[PDB]
Amino acid sequence: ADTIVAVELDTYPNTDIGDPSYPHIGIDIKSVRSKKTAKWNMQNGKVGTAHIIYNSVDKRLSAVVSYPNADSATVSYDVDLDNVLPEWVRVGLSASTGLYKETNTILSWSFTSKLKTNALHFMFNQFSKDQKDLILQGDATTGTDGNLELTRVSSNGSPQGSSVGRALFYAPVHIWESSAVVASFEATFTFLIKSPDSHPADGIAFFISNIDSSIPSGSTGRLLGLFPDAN
Amino acid sequence: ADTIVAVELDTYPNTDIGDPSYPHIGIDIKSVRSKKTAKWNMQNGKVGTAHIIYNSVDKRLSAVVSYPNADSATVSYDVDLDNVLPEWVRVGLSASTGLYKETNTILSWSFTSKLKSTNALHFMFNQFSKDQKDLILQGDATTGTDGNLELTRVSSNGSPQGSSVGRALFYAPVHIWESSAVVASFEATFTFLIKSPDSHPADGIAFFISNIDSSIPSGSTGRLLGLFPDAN
Amino acid sequence: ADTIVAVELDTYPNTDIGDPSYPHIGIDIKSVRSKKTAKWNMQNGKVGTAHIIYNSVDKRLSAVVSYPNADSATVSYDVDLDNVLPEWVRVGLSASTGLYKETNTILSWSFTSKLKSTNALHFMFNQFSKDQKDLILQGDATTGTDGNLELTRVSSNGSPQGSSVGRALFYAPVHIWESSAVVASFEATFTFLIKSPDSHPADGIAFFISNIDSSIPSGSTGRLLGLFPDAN
Amino acid sequence: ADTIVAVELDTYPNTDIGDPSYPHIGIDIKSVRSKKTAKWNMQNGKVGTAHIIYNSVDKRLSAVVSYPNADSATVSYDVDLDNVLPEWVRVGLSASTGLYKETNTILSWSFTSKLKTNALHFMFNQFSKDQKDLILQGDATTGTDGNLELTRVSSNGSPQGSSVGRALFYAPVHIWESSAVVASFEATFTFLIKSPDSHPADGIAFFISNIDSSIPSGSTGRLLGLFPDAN
DNA sequence: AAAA
DNA sequence: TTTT
DNA sequence: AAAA
DNA sequence: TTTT
Ligand SMILES: *OCCCCCCNc1c(NCCOCCO[C@H]2O[C@H](CO)[C@@H](O)[C@H](O)[C@@H]2O)c(=O)c1=O
Ligand SMILES: *OCCCCCCNc1c(NCCOCCO[C@H]2O[C@H](CO)[C@@H](O)[C@H](O)[C@@H]2O)c(=O)c1=O
Ligand SMILES: *OCCCCCCNc1c(NCCOCCO[C@H]2O[C@H](CO)[C@@H](O)[C@H](O)[C@@H]2O)c(=O)c1=O
Ligand SMILES: *OCCCCCCNc1c(NCCOCCO[C@H]2O[C@H](CO)[C@@H](O)[C@H](O)[C@@H]2O)c(=O)c1=O
Ligand SMILES: [Ca+2]
Ligand SMILES: [Ca+2]
Ligand SMILES: [Ca+2]
Ligand SMILES: [Ca+2]
Ligand SMILES: [Mn+2]
Ligand SMILES: [Mn+2]
Ligand SMILES: [Mn+2]
Ligand SMILES: [Mn+2]
């Protein structure tokens, strides 16, 4: 299948599949059962911020998710992405809903990759009606107040259940080389998760994948648009 | 047909199509007949450097080509690329040979594009791998040979072949202008090594912005530099 | 005296010194009498944005000032800063009030300078701390008030004071031009909030490049914008 | 005294002060006795490259020193620079010689700092005769083939013993804030260490210090222009 | 995350 | 460097 | 880093 | 908004 490494902003605890009993951030390595998690105090309708970092030296994938005027959440997992991912990858944001639902609004996404030096950088602070350096998969859309809406939102602004959508940057990234001195990537995105319901689901993920990655069929809900099963 | 705006490093004067009677740098807008040129003192087998710049304010496309410890060459043309290009483009390097030949070696290529309605794209190649998947290679272009980009065919001994044409396009489309936008800018830098046995080299290198789906137009070896289907 | 090149956001028309009879943006070169101006539709209490650009190729200094969902203003002047400025400079924001007054609030300031003989300097302020040690604060300028830079004096209730002048210079000198150099460029962006009770605001904000040792010239409140010792 | 955190490229083993019996790279925290070291195969007269990285998340200071076509060296030490350094600092390169000598030539120096976002970046690939965004201390000089020569080199190109010199970037850097989400810095420099003698000494360091840092008197040789004593 |  |  |  |  697809090979996936993601940082999940999981809003809906699924204990059936190893999620803690609380909204959490996790590092996922080729499984939705996160290799490490941390408690995350998600804030309904507040604009939040995610930072994902990694290098070839420390080989440590870390993330930090923040809101204005509140303690942030942070998770870290030592993994050699030489041993998980192919040298060439695409990077993306994925989001899903199931029985329960939420807006998965992205307001900004930036990415920097360095490899010795070769460099790639992009920054989206607005998203146009037809954003041709993005590959939109499933329910993802652009042009709605200059935002990226990963999951379906009706004309009345109401979020839909059983939705899944991703956004991949068009150009493949060189993420690791055998004969390389230093490699690093940084990712930042701002998100707005809103539910009128007292159960928000299912969350957002930054993800690196094989270039040809697709939404695995039925990967709505707990699977967050990343995984075909919950192993 | 393709819509093309290029900065040509033209090494071979083609008088049949308006090229001056000397190696020149020029701005080409939907034609190989440059809108403006300048004398260029090309140095056979010396590593040279090109800088291309533009913004939505001055709407002036300029370029500067340099060698170590020698006077540079410069050309400038006022053009609104809002009126010339589609909003969405790919950026590339093209090179060709014909009857006469030269190595069209690229050692480095960087590109920065910024657009405030800030959105930004930046890439920098200082080495090129055997399989460079964020480049679309067209015709004879190849990567992996001493970490370089070889736009036109080169034998095992580095000896250049005639009647060759190749381009390299960055994979991701670029937002180069928007109607509802305050400031847009791009800069491009690349280093090149043009080498010929004999003091008769051809045909040159170009930085080019095109429609995303741009391909090497049929027969566009030699004078046409991998950009133009005819010489209008 | 100080050697000054500025882009003025002049809110108060001073006819005694050649200002047009409207709020304007202008290029000032060693004089408060702008070398060129343009009408500027200032918006009282709206967060606005300024972009200043220049390169050694076009040798054209341009600026663009914008508000949300409204036509921008633009001004451009051809000047060789090789002939005007010293090689080594400091960059700054200046603001002043006189008889009439306004908040001169800066919310963000970024600067990029590149010079190939590539040498590069980049800074970006999106928040400003209580003690910002990579800024040299001159006169009434202060930091820490809601993470902003307040160039001129503002009461506890945000009410602006008259007869105020303040500047903020980046601490490190910038290499803005070299004799033996191929390409040099700088860009500057800052966001500002100009607010007055009453439709009579004064006196405005400027991005400025100066001799490293530049100080607020004596008496340079009001029309002189913290830049000029007299109005020549 | 001055507060110093450095990555030392130590070419001369001083066993009297805890250096291993081989040329090494080390992390120094307010002492020349490195908190951690690693074997370094220094190459006489070859242009080498150093990378220093750190973030507020992993709070891990790492470095990697490389030459063309040879295995690199890398060292890492977990330290919270909130607890070592002041919020405001200057960054610099220091080099020294003693009884034994070497050219301490710097050909390039770049630095990036990010703090949430506020950012500082500089890159020197050439150094002019009068480089006014550098504070040169002791024997450091610029203009000699566009290089930075940290220690004294005679008119005949011969390196001098008992030399010490540093180069600090002019503008102070915000390296950590109490109420901050993410902070990172990256540093790259290329160096050319050459000795006609069979004993090269004493090495090069990237260093962060109090803004007002000075060459401690007699910090030639083993002390590398950083430390007043060898505790 | 709160009630059965 | 060939062709008018 | 090599010899005493 | 005052002064010619
Ligand atoms: O502090 C945490 C508050 C979250 C609400 C507490 C849980 N409430 C709850 C559960 N728990 C079992 C979860 O599995 C059933 C839901 O499965 C479907 O819905 C989710 C959400 O969209 C999705 O991940 C699945 O794939 C599937 O579509 C209940 O049954 C209940 O109520
Ligand atoms: O013995 C000294 C040789 C020096 C070369 C002289 C070049 N001739 C020349 C021209 N105009 C005629 C050029 O046409 C050449 C034929 O064109 C073919 O070759 C070129 C080079 O690859 C290519 O551009 C064409 O498309 C075609 O393949 C001058 O003005 C001048 O000098
Ligand atoms: O009741 C409606 C009031 C509207 C204000 C009218 C402004 N007057 C005016 C001028 N020219 C005269 C301006 O001189 C004002 C005195 O100058 C002092 O105040 C200003 C503002 O701080 C400052 O620039 C000076 O340096 C000095 O402090 C027009 O053309 C126009 O309109
Ligand atoms: O594989 C490693 C090869 C390096 C040479 C082997 C050591 N040779 C050596 C020593 N060892 C004792 C070192 O302390 C004496 C030198 O001290 C003076 O010189 C150094 C170098 O410039 C400096 O760090 C000190 O501060 C002082 O100036 C010898 O005595 C000998 O020979
Ligand atoms: Ca879940
Ligand atoms: Ca030609
Ligand atoms: Ca005025
Ligand atoms: Ca030592
Ligand atoms: Mn989970
Ligand atoms: Mn031509
Ligand atoms: Mn004015
Ligand atoms: Mn040591």
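Proteins get letters first, then strands, A, B, ... in listed order; numbering begins at 1 in each. Side-chain atoms are counted along with the backbone in the values below, which use heavy atoms only and exclude waters and symmetry mates.
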Does DNA chain F take part in any stems of at least 3 consecutive Watson-Crick or G-U pairs (both distances under 3.5 Å), and if so, which ones? none
Rounded to whole Å, please give me the gap between [atom1] in [X] and [atom2] in [N].
X: D:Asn14; N: G:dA1; atom1: CG; atom2: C1'; value: 14 Å
X: B:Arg223; N: F:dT1; atom1: CZ; atom2: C1'; value: 16 Å
X: C:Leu99; N: H:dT2; atom1: CG; atom2: P; value: 9 Å
X: B:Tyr12; N: F:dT1; atom1: OH; atom2: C1'; value: 8 Å
X: A:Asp19; N: E:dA1; atom1: CG; atom2: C1'; value: 15 Å
X: D:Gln43; N: G:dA1; atom1: CD; atom2: P; value: 13 Å
X: B:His200; N: F:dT2; atom1: NE2; atom2: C1'; value: 14 Å

Just jot down the side-chain contact (heavy atoms from CB on, under 4.5 Å) partners of B:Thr221, sequence neighbours excluded, or say none. B:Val165
Name all residues meeting the side-chain contact (heavy atoms from CB on, under 4.5 Å) criterion together with A:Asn69; count only those two or more places apart in sequence or in a different chain, and write none if there are none. none
Please verify the inter-ring angle class for D:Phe191 with D:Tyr67; under 30° counts as parallel, over 60° as perpendicular, anything in between as tilted. perpendicular
Choosing from F:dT1, E:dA1, G:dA1, which nucleotide comes nearest the side chain of D:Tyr22?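 Comparing F:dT1, E:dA1, G:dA1 against the side chain of D:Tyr22, the answer is G:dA1.
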Among E:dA1, H:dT1, F:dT1, which is the nearest nucleotide to the side chain of A:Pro23?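 Of E:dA1, H:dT1, F:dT1, E:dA1 is nearest to the side chain of A:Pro23.
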Does a side chain donor of either A:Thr97 or A:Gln160 reach within less than 3.5 Å of an acceptor in the other side chain? no
Flag the pair A:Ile193 / A:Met42 as yes when at least one side-chain heavy-atom distance between them is below 4.5 Å, and no otherwise. yes
Side chains of D:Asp202 and D:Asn104 in contact at under 4.5 Å (non-hydrogen atoms):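 No, their side chains stay 4.5 Å or more apart.
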